[PDB]
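Protein chains in written order, with the authors' numbering: chain A, 8 to 621; chain B, 81 to 582; chain Q, 2 to 10; chain N, 1 to 143; chain M, 161 to 219, 251 to 446; chain S, 1 to 142; chain P, 1 to 6.
Note that CB positions come from ideal geometry on N, CA and C, so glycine has one too.
Working notes, structure below.
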Amino acid sequence: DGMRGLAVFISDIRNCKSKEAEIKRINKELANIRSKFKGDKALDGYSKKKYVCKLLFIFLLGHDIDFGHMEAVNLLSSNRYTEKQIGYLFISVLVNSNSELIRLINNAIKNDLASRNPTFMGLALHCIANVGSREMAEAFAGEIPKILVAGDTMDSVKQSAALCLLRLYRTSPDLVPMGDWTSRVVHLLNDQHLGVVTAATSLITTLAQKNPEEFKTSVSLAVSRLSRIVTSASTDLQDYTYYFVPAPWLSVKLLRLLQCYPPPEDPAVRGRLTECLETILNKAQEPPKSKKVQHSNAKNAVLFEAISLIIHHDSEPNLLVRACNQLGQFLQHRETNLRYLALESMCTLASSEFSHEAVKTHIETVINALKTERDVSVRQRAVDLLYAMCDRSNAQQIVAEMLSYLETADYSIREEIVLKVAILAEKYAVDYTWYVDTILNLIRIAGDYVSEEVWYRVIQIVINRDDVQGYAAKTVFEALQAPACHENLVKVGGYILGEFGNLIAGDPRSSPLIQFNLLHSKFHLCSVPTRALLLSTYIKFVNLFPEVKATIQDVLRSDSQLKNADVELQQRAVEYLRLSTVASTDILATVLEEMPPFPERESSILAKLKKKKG
Amino acid sequence: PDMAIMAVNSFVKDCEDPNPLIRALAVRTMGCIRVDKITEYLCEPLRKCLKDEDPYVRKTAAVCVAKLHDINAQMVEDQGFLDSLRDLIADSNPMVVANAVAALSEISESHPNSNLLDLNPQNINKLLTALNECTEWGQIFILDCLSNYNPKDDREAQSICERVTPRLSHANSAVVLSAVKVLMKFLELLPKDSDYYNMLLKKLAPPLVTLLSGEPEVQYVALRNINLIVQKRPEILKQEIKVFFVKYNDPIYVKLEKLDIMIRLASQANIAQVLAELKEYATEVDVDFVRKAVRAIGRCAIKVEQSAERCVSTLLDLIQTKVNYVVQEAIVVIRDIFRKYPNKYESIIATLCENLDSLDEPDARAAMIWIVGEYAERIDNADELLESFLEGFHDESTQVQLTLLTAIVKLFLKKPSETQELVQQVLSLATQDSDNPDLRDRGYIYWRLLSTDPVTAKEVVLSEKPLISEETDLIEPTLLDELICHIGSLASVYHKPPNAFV
Amino acid sequence: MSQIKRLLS
Amino acid sequence: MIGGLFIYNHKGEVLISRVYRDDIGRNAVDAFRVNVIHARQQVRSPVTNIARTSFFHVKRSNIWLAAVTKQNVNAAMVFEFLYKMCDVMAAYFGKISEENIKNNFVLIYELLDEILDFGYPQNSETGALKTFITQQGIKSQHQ
Amino acid sequence: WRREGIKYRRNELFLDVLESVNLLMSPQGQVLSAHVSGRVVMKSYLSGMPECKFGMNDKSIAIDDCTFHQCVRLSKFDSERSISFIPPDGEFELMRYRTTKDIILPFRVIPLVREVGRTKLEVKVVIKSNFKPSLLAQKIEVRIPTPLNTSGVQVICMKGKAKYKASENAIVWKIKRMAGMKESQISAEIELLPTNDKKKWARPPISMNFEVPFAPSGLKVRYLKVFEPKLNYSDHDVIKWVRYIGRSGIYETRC
Amino acid sequence: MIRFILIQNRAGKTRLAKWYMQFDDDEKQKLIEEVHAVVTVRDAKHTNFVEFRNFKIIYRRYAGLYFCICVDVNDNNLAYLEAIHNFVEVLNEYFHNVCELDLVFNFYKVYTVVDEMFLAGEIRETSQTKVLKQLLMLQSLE
Amino acid sequence: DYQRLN
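Printed below as a string of structure tokens:
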């Protein structure tokens with residue numbers, strides 16, 4: 008085209024040797040343009056254009072512009088295309104607040120939509136869609152639908168107005184009612200120009216999120232269009248045929264739209280759809296019609312969105328199975344892109360009865376991936392899969408592997424991983440000895456990355472389940488013996504031996520005295536909440552084991568305990584001391600009674616996973 | 081790691097050639113690539129390099145011991161290299177014994193509680209002769225090992241202490257700190273004798289002082305350690321208080337630490353000039369510093385009487401500013417003043433209750449809540465005050481919850497008639513609703529206590545407290561002892577055991 | 002180094 | 001002892017790096033950039049811990065010199081070493097900046113091998129290691 | 161830190177100097193330990209980001256320790272051309288400093304203790320101003336600490352208002368204004384009742400509070416030249432006012 | 001929907017930025033920094049899809065350039081990956097042996113190409129030939 | 001109080 012001076016200017020910037028060369032050169036051009044704009048006459052159109060485009064390039068460079076908004080606005084009103092183009096583009100990039108400019112802009116848009124030249128209409132629509140201002144919604148949100156339907160406006164215009172209305176819906180929904188257009192809009196799916204279909208599809212798709220009954224008519228038409236697409240021959244639809252594939256992006260979009268609804272109300276339509284879907288599955292398994300990668304990428308793109316529809320409906324078991332085997336093949340495929348995608352897709356399959364058992368067949372390859380992949384993002388989707396497919400049978404080995412992953416897994420995920428294991432173990436608890444163990448492994452492994460909610464739960468379970476209480480007592484006591492011990496272990500073990508230390512005080516290796524003396528090795532090492540707990544736990548012992556009372560009372564009467572700088576620690580130390588000193592047998596022992604069970608609630612562990620994404 | 085294995089034949093031919101300088105190149109590269117496959121070709125080159133005519137090859141080979149220890153290290157050759165490194169400790173050159181000590185120390189981390197078992201005079205006297213010669217860094221490694229050693233009796237401690245005593249050292253930080261670690265463990269030698277103890281502590285003060293003349297990062301390291309040294313034996317640094325006054329362009333981390341030290345070294349005498357500093361510190365620029373200062377004003381009140389009135393008065397002047405975080409830090413420290421000086425400072429409460437509307441920090445809320453607890457009888461509207469928090473008992477810190485429980489029952493034991501529904505609500509929340517099993521615990525404890533016998537409950541909960549007494553942010557004495565053993569090290573910078581970083 | 006290098010083949 | 005020495009620019013790109021130990025994975029270089037270089041608070045301290053990984057640091061003009069370890073090192077010793085490192089670079093190639101780092105890809109790593117084997121500080125001075133290190137031809141006088 | 165183009169109707173500036181004079185004094189009357197902490201606030205309201213050169217009597252002697260705002264640059268190829276900086280708009284803390292030498296104490300306070308056995312206790316405290324007789328000391332408070340066993344106190348003061356506070360164990364003597372080189376006095380009679388006879392009463396010192404309109408370091412602002420290249424105006428155009436405020440700090444005596 | 005489209009060079013110069021939802025200046029600057037830091041280090045071994053907050057970015061290398069689209073988490077990865085190529089191929093036929101500098105000097109033209117193929121965050125036109133029909137015919141007119 | 005400055 009041209010742009011007088013632009014080339015020269017960009018060449019000068021490249022010809023710069025430094026930061027200050029660049030800067031001083033730019034301030035030069037800015038001063039030139041400002042001297043010329045600021046009252047240095049009225050220039051001809053080409054002149055205005057060439058200077059505004061330079062300012063635009065300056066701003067895109069990263070240096071800040073404080074003028075030329077006036078000037079861009081002028082260019083909008085020209086009948087030369089190139090002048091309007093730079094003009095519209097300028098305000099599409101450098102947005103201003105001023106109320107006299109927003110007005111002038113809007114009047115300039117309106118007078119372009121006023122022409123029946125589709126080119127000028129084009130730039131106005133594109134402008135609205137790319138800035139999406141409230142003031143532009145308030146101006147045009149009425150007139151946009153009218154132009155989309157109703158009269159014979161051009162094909163290119165219908166495309167822009169569809170997406171334009173879509174943007175206005177997103178920005179200011181209170182200004183897009185559900186009027187008369189409803190019917191005519193849907194019929195756009197049956198237009199000759201596929202670009203109008205491509206556009207309209209996406210608008211209907213988003214509108215159906217809050218208005219499914221309103222766009223219900225779309226279902227039938229969406230189907231018949233899609234099946235007509237996958238039926239057509241090699242040189243049909245030549246415009247919209249990408250790398251030996253029929254309208255890939257549109258196929259995807261239509262499948263997307265079908266996910267905005269259940270499976271179709273009528274028998275005949277649902278027939279056409281399932282036939283069409285069986286064909287899509289077949290075409291993937293067929294020989295590759297080209298060597299070049301664009302073919303396989305674009306074809307698979309369609310396959311995956313079809314799979315998504317199959318999983319959405321959760322209807323036809325035949326399809327659910329073929330999808331499972333197909334995704335199966337992709338799990339070991341050489342493209343990292345496809346492996347990532349297959350693990351992603353399979354996750355949603357797993358939470359479905361008809362498919363659940365098919366998913367499980369491949370479990371070993373998934374485990375292979377987790378261990379082998381030398382990525383992270385992929386390995387993560389592999390774990391996400393395991394979690395999702397996990398039930399009664401799997402849990403045993405799935406938890407073992409998740410535990411082993413946690414060992415080499417990065418710092419940030421850990422918290423999430425821990426939380427996940429602690430759910431699976433709790434949900435699929437065959438023997439609660441395995442739960443207690445699993446949790447205690449999570450402690451010695453992560454522990455830092457445990458969570459309060461997690462260790463809260465194991466204790467709730469422990470006191471609620473009865474049988475495992477002795478186990479807990481033994482395993483806890485035995486793991487407290489090991490020297491490289493984590494704090495949250497001391498917390499769990501502290502509370503547990505407080506309540507159930509009596510279940511292990513028979514054995515001379517785990518006597519009352521030995522239990523207390525073990526805990527007190529960790530007392531000074533631990534934080535305040537933990538020390539507070541050990542204090543509760545210490546008087547619980549005084550009740551349970553009169554043999555040790557003397558020793559515990561001397562530690563409670565110690566100056567460090569009674570004069571303790573923290574409030575709780577001194578309050579507990581005194582309350583528990585006065586109990587043991589004064590009172591009576593039965594008044595002590597009613598206060599320090601076996602503890603009633605926890606009532607049933609939601610998992611705070613669940614609530615925290617759900618919290619972690621927002 | 082993947083690249084090297086294919087041409088292992090090069091690095092075995094390269095360590096054998098003449099020229100003593102270019103024999104360490106092959107020796108150090110061989111140990112850095114980590115494989116099982118390389119153990120096939122490494123055994124016999126490592127044997128011959130450990131006694132080399134030149135000290136350069138011995139220096140590097142002594143390092144390659146600890147390199148091999150990372151990979152499949154349970155061999156009859158590893159039993160051979162146990163010998164090969166110890167005999168290298170009685171070596172003529174300092175750059176050889178330095179590395180031998182370093183490798184062996186790091187290997188002692190693969191511990192069966194029976195590794196490099198100190199052989200007393202025969203082991204010790206060679207180290208204390210080599211320590212005088214040793215290179216800048218060598219001195220460090222040697223001293224860090226000495227910290228393992230325990231003596232039996234007085235002369236045993238002395239004849240080691242006397243040797244290290246000349247350490248007002250060149251490597252101003254690195255050496256000196258490690259030497260303090262040794263000298264502070266070996267400090268049980270007639271708890272005060274006639275002459276040696278009373279002079280050892282005189283000799284330990286000036287090199288601690290002149291540590292402050294190094295760079296800012298080692299100023300920090302030193303001050304973290306000085307914080308510990310002052311806690312164990314404060315008599316070392318008694319009147320050196322004037323050194324730890326915060327100089328104006330000190331980096332923030334140094335400011336914070338110096339301020340803490342100042343507080344511990346404050347006394348009945350010097351308080352006048354310490355406060356003079358504190359008031360100024362309160363007006364400064366950094367928030368976290370301001371906090372530690374206002375906290376420290378309270379800490380003075382607790383540490384020294386008479387300054388009681390002054391400190392409280394300036395703290396109230398600070399509350400009057402209505403700068404939120406100033407008020408929150410102050411109202412926290414005022415709790416602890418009430419605990420050291422009970423029934424004296426009641427009148428403040430009124431002025432405090434003004435501010436309660438705007439306390440977002442957990443510490444502050446808990447402070448205020450407890451204040452209402454102890455002083456319920458004097459505040460007519462204690463009932464309604466505590467009742468305000470209950471609304472959001474969950475979505476509130478564990479510290480607050482526990483304190484609220486305790487405070488409410490305090491009230492109820494004092495005002496049982498006008499309290500009924502309050503305690504019922506809180507004990508319900510603490511019991512049925514609550515998720516911290518330890519909170520639920522104490523819920524039941526109190527419920528059961530109150531509902532069994534209020535004659536007894538009164539005597540248990542509202543028993544006359546002892547006094548908190550000059551502690552003022554003090555560290556746990558037993559933990560301190562362990563931390564002292566780790567003086568030069570990272571644990572002394574953090575004030576946590578090594579068991580808090582595996 | 003060859004901003005100048007062509008984007009496809 | 002020292003299981004990683006990384007040197008950044010002000011923007012947080014990695015100018016040089018040298019991992020010495022198995023204990024510290026490569027992602028630690030990111031962990032320094034994320035939580036300290038681009039920390040929201042510019043009011044910190046020299047020594048930081050994240051994921052049981054300890055981070056030493058000292059600045060010269062706009063260049064971060066950082067040390068990394070999982071161990072309980074003599075903390076004084078690490079800073080001391082970083083200082084004696086900043087002493088060596090001055091007598092060998094003048095000013096502390098990105099230009100002098102890009103010149104000395106060859107020098108930096110050879111110095112790293114002589115002063116530091118497997119995390120242990122060996123020995124350092126301009127004289128005793130002059131012909132035991134090979135430099136260049138003409139230095140950096142510009143700025 | 162002085163962003164965009166500043167615009168104001170008339171270009172003026174204000175300087176605030178804030179000093180807290182700390183002091184411990186012996187009962188006889190000996191200047192034994194005392195320093196002044198200081199800080200300089202500038203509230204400059206001026207158009208377009210300018211340069212400033214600020215000056216004062218350091219080395251008419253006196254200046255221990257000091258620090259500046261980051262805007263200041265003390266070196267431009269070695270030495271210093273005084274303080275030299277590119278000020279932010281409005282209110283900011285320019286510098287913070289300390290001084291110990293040539294001390295200038297605003298008040299001298301003089302106790303007289305005289306006990307009658309162990310029953311009665313006679314007190315006479317006198318205060319003197321030590322600054323310009325033309326100038327205006329405000330918010331004077333003198334706190335005389337009474338013993339812990341005190342039956343009752345009798346007080347009269349020649350200027351101001353004074354009262355014995357039972358709780359705070361002190362006589363509080365307030366004077367709303369006092370000018371230089373003048374004198375005033377309080378006299379008090381304190382009654383007692385002896386119990387333990389050995390905890391020898393660690394006599395707390397007498398404290399003073401005051402605001403003064405002079406800098407008790409001896410520091411005074413010599414000049415501050417304001418320069419502006421882009422625009423037209425300079426140092427004769429700007430109206431400059433300076434204020435000295437002497438906060439009390441810790442001002443003890445009779446120790 | 002598309003959140004934004006970036007074309008960045010190895011260095012960090014952002015030769016095209018289309019924003020499909022209004023971020024702050026500071027926000028944008030950071031997005032530019034972030035996208036760069038992630039993409040530049042990743043070899044052909046690594047996938048073209050990377051989750052990034054709770055958006056996700058698709059990228060592809062061509063010469064020293066990086067073509068990055070930012071999309072919602074539910075949007076089809078591969079679809080967008082090949083839409084990138086669809087676009088680049090248009091650029092090559094419109095610029096005849098297209099390179100980085102072609103986009104610098106004809107930036108104002110690049111935007112015209114982008115906006116034919118993408119509008120308001122969604123895809124507009126897939127048909128390569130039809131875009132070029134609207135480019136060449138109706139470049140001509142002043 | 002405020003006095004004027006040369």
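Subject >> Nearest candidate by alpha-carbon position, reference residue 364/M, set 315/M, 339/M and 338/M >> reply: Out of 315/M, 339/M and 338/M, 315/M has the C-alpha closest to the C-alpha of residue 364/M.
**OP:** Select from 178/B, 445/B, 427/B and 408/B the residue whose C-alpha is nearest the C-alpha of residue 393/B.
**Re:** Ranking 178/B, 445/B, 427/B and 408/B by Cα distance to residue 393/B puts 427/B first.
**OP:** Could you confirm whether any beta carbon from chain A is found closer than 8 Å to the beta carbon of residue 123/S?
**Re:** Any Cβ of chain A closer than 8 Å to the Cβ of residue 123/S would place that residue at the interface, and such an atom is present.
**OP:** Could you work out which residue in 288/A, 101/A and 518/A is closest to residue 555/A when comparing CA atoms only?
**Re:** Of the candidates 288/A, 101/A and 518/A, the one whose C-alpha sits nearest the C-alpha of residue 555/A is 518/A.
Subject >> Cβ pair count under 8 Å reaching 3, the stretch 142 to 151 of chain B against the stretch 124 to 136 of chain N >> reply: No, the stretch 142 to 151 of chain B is not in contact with the stretch 124 to 136 of chain N.
Original post:
When Cβ atoms are compared, which residues of the stretch 309 to 341 of chain M fall closer than 7 Å to chain B?
Top reply: For the stretch 309 to 341 of chain M, which is checked against every Cβ of chain B, not one residue is closer than 7 Å.
**OP:** Have a look at residue 319/A and residue 354/A and give me their C-alpha separation to the nearest angstrom.
**Re:** Approximately 13 Å, taken between the alpha carbons.
Subject >> Residue range of the unbroken alpha helix (DSSP H) whose run includes residue 202/A >> reply: For residue 202/A, the enclosing alpha helix (DSSP H) covers residues 201 to 214.
Original post:
Counting along the chain, where does the alpha helix (DSSP H) carrying residue 128/N start and finish?
Top reply: That residue, residue 128/N, is in no alpha helix (DSSP H); it is neither H nor E in DSSP.
**OP:** Kindly identify the DSSP beta-bridge partner or partners of residue 185/M.
**Re:** Note: residue 185/M sits in a beta bridge opposite 191/M.
**OP:** Count the other CB atoms, across all protein chains shown, that sit within 10 Å of the CB of residue 453/A; report buried if there are 16 or more and exposed otherwise.
**Re:** Residue 453/A is buried by the Cβ-count criterion.
Original post:
Where do the N-terminal and C-terminal ends of the beta strand (DSSP E) with residue 382/M fall, by residue?
Top reply: 374 to 382 is the span of the beta strand (DSSP E), which, as asked, contains residue 382/M.
Subject >> Run of the alpha helix (DSSP H) containing residue 424/A, from where it starts to where it stops >> reply: Taken as a continuous stretch (DSSP letters only), the alpha helix (DSSP H) holding residue 424/A covers 418 to 434.
**OP:** Check the Cβ of residue 311/A against every Cβ in chain S and list those closer than 9 Å, keeping chain order.
**Re:** The contacting residues are 76, 77, 78 and 79.
Subject >> Three-state secondary structure (DSSP) of residue 208/M >> reply: Of the three classes helix, strand and coil, the one that applies to residue 208/M here is coil, per DSSP.
Subject >> For residue 64/N: DSSP bridge partner residues >> reply: DSSP lists 8/N and 59/N as the bridge partner or partners of residue 64/N.
**OP:** Report yes or no: is there a C-beta of chain A within less than 8 Å of the C-beta of residue 512/B?
**Re:** Interface flag for residue 512/B against chain A is set, since a Cβ pair is found closer than 8 Å.
**OP:** With 8 Å as the threshold, decide whether the Cβ of residue 37/S is near any Cβ in chain A.
**Re:** With its beta carbon at least 8 Å from every one in chain A, residue 37/S lies outside the interface.
**OP:** Report the partner residues of residue 332/M according to the DSSP bridge assignment.
**Re:** 365/M and 400/M.
Subject >> Element boundaries [beta strand (DSSP E), containing residue 267/M] >> reply: It is not in any beta strand (DSSP E) - residue 267/M carries neither H nor E in the DSSP assignment.
**OP:** Could you say which of 437/M, 191/M, 213/M and 187/M lies nearest to residue 407/M if we only look at CA atoms?
**Re:** When C-alpha distances from residue 407/M are compared across 437/M, 191/M, 213/M and 187/M, the shortest belongs to 437/M.
Original post:
Starting from residue 103/S and walking both ways along the alpha helix (DSSP H), at which residues does that stretch end?
Top reply: In the DSSP assignment, residue 103/S falls within the unbroken alpha helix (DSSP H) covering 100 to 105.
Original post:
Could you give the uninterrupted runs of the alpha helix (DSSP H) lying entirely in the stretch 464 to 527 of chain A, keeping only those of 4 residues or more?
Top reply: Correct list: 476 to 488 and 494 to 507.
**OP:** Could you check the C-alpha separation between residue 207/A and residue 196/A for me, to the nearest Å?
**Re:** Distance between the alpha carbons of residue 207/A and residue 196/A: 7 Å.
Original post:
In angstroms, rounded to a whole number, what distance separates the CA positions of residue 109/A and residue 98/A?
Top reply: The straight-line gap separating the alpha-carbon atoms of residue 109/A and residue 98/A is approximately 10 Å.
Original post:
What residue range is occupied by the uninterrupted alpha helix (DSSP H) comprising residue 9/S?
Top reply: Run containing residue 9/S: none in the alpha helix (DSSP H); it sits in the beta strand (DSSP E), 2 to 9.
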